[PDB]
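Below you will find one chain, with nothing else, as structure tokens; this is the form deposited without its partner chain, and questions on how it binds or moves follow later.
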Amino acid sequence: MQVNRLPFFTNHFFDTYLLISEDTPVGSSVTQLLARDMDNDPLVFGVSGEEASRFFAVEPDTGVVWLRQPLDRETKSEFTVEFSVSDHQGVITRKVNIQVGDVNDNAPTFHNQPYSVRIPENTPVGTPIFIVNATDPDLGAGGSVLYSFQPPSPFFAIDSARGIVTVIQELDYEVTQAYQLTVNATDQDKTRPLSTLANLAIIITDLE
């Protein structure tokens, strides 16, 4: 007799990877599973696995794969997903690597606040007194932070790439005993930069 011929997948992505942008809206089709059954049997498609089934859903008859929950590359940057196809006599599965594509969706975050430093009034021009650090988990320019004072200061400077704060004019405890500066950390996304502000207190101490 004839033995049933099981279906097999014909998508090219099973051998490489599927890319899905993290800004993909829920409900969006992310691909369509394609399969052949040489008996011309009607086929039913699925996704298997607890995590995969949470994030992705599959139209049983058409094989269209849907986004069921929002993606977030900064929480999980890829998935290994098992898809199935069945002619109702047997079930064939195959795995695909899904890469989550980055969008610039995070502002920088400053660590180890509150920021404060005490320096003596004879601290000379050029002296580094504080290093600010903000991180940005996005990729490329959207993850590359630049620092500035906003508003600017005539007494202190901050290195835009390194976050190193230096004295740029002589200090004088009699004139000013404290400064309140605002550091801006911005990513360098070309279309939609995101930024964050942090306070820096510089306290001047008198020699005696």
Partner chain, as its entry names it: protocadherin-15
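Positions refer to the first chain, counted from 1.
Is the mean CA B factor in the deposited entry higher across 173-181 or across 23-31? Stretch with the greater average CA B-factor: 173-181.
If you take the mean CA temperature factor per stretch, which one wins between 61-69 and 46-54? According to the entry, 46-54 carries the higher average C-alpha B-factor.
Criterion, highest CA B-factor; candidates, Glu121, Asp87, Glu74, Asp105: Among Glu121, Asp87, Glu74, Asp105, the highest C-alpha B-factor in the entry belongs to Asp87.
Residue of maximum C-alpha B factor among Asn112, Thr109, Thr127, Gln99, per deposited coordinates: Highest C-alpha B-factor among the listed options: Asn112.
Determine, from the deposited record, the chain-internal third of the Cα B-factor for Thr93: lowest, middle or highest. It falls in the bottom third of the chain.
Sorting by Cα B-factor within the chain, modelled residues only, which third would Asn11 end up in: lowest, middle or highest? Its C-alpha B-factor belongs to the middle third of this chain's values.
For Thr196, the third of its chain into which the C-alpha B factor falls: Its C-alpha B-factor belongs to the highest third of this chain's values.
Not pictured, yet referred to below: the form deposited with its partner chain bound.
Each of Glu121, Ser153 and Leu171 having a non-hydrogen atom within 4.5 Å of its partner chain in the bound PDB entry: is that the case here? Contact check failed for every one of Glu121, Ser153 and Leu171.
Just checking whether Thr109 would be counted as a contact of its partner chain in the bound PDB entry - the rule being heavy atoms within 4.5 angstroms. Outside the cut-off, so no.
Contact flag, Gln188 vs its partner chain in the bound PDB entry, heavy atom cut 4.5 Å: Yes, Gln188 sits close enough to its partner chain in the bound PDB entry that at least one of its heavy atoms falls within 4.5 Å.
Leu194 near its partner chain in the bound PDB entry, any heavy atom under 4.5 Å? Close contact is absent here: in the bound PDB entry, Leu194 is far from its partner chain, nothing within 4.5 Å, heavy atoms only.
Looking at the partner-bound form in the bound PDB entry, is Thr176 within 4.5 Å of its partner chain by any heavy atom? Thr176: no, not in contact with its partner chain in the bound PDB entry.
Choose from 39-47, 24-32, 59-67, 155-163 the stretch whose residues reach within 4.5 Å of its partner chain in the bound PDB entry, heavy atoms counted. Only one stretch passes the 4.5 Å heavy-atom test: 155-163.
Going between the shown form and the other one, do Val100 and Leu181 stay in one rigid unit of the two? Different rigid parts.
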